[PDB]
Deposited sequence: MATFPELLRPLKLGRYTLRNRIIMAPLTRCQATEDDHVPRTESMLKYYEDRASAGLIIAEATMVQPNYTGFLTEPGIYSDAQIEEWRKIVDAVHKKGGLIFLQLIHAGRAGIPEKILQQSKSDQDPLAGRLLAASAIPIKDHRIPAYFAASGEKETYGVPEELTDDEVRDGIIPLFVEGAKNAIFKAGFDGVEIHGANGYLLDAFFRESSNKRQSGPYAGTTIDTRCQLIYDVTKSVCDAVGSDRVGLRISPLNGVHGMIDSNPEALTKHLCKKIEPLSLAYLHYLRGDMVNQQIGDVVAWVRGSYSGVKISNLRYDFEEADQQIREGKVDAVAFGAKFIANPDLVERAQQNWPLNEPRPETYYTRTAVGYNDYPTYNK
């Protein structure tokens, strides 16, 4: 896999290879303080530092606005302190690491958020449309009871512009200037806040710069947040992730192609370190050639993801369709994935049953 193992210029950095570790929520942080549990999390990331680039798991930018109960945050000094240790360990191995910045939006856990600053103690989204497809996963629920997502409040353009955006900015500054991350990745995918403004199913705003009436206005929040973050920490230290076809939380847009292409053209002027996207849906309902769409509408670094294997990854990079591929499940199960690629070693099979144990089990128990 010569193309997959070839170095790559990304932002102000140079990846040793194009085997990227996708952001992976593992819930290895303290419950209410959302402080990275360094003991386990450090070894986890250090063990995978041979990755061309590691994209750290979705990390909270709004205090207490938790979507996964015990995910990391990057808004407090306590969180910054531990992250720094983790980032330092990755860098000592010669690796690179970006931190994915997230806001759960309507996917926030009610029992935790509502039990709490005009943005505090509230569920926020583009529109008062609750997730209805499924319950809150038991490994994310605040109690043993069957919990369900709530009806969020419609964010005013003012709260968005002056409340939400500044949080992403401080979070990026904290991550890069304090924790020492090489960069950050704006989480504009998988049904969370930004994706909720992005796709039509969850954005029914009648007016404002973030209206759900046009593809351009729906792309505005992703752009504004990304632009503001770029001005604050430099665009060559900023990446963005999207998932135009991911149906999670009932997310759906009728024009995934035009939406994706339009967003590419819109962020093009930002000169981002990269654009990262899921090329499909977890199930075979929503389909489309996202690789093709981004390819013909974006001139920057393209990082694709979803059900890739070394060969397919190597082949698309060879054909110039993508510049790099981020692996999710394979990195969970293979700390030394890169090495296994260099020699075509077989890969450990992942075990979804233990993705969120919060213990060493299914976290640091995968052999090298």
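Not built in the structure, per the record, are deposited positions 1-3, 120-124, 377-379.
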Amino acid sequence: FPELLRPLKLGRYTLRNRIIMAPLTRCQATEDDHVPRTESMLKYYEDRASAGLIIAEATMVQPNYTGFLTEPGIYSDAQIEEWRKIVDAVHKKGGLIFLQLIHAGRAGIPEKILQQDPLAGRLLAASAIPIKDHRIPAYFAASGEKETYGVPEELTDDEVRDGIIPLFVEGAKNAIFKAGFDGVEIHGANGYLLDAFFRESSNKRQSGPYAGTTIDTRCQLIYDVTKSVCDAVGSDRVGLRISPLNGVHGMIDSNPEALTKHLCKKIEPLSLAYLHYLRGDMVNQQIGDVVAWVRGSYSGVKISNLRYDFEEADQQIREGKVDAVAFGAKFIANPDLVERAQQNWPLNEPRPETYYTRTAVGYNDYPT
From here on, numbers count along this sequence of modelled residues.
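Taking the PDB entry as given, 143-151 carries the higher mean Cα B factor of the two stretches 143-151 and 173-181. According to the PDB record, 335-343 carries the higher mean C-alpha B-factor of the two stretches 335-343 and 59-67.
The residue among 203, 115, 228, 271 whose C-alpha atom has the highest B-factor in the PDB entry is 115. Per the PDB entry, 122 shows the highest C-alpha temperature factor of the residues 122, 187, 199, 237. In this PDB entry, the Cα temperature factor of residue 195 sits in the bottom third of its chain's modelled residues, the lowest group.
Annotation for residue 278: C-alpha temperature factor in the lowest third relative to the rest of the modelled chain, per the entry. Ranked within its chain, residue 257 lands in the lowest third, by CA B factor from the PDB record.
Residue 250: CA B factor lies in the middle third for its chain, per the PDB record.
When the CA B factors of the chain's modelled residues are split into thirds, the value for residue 312 lands in the lowest one.
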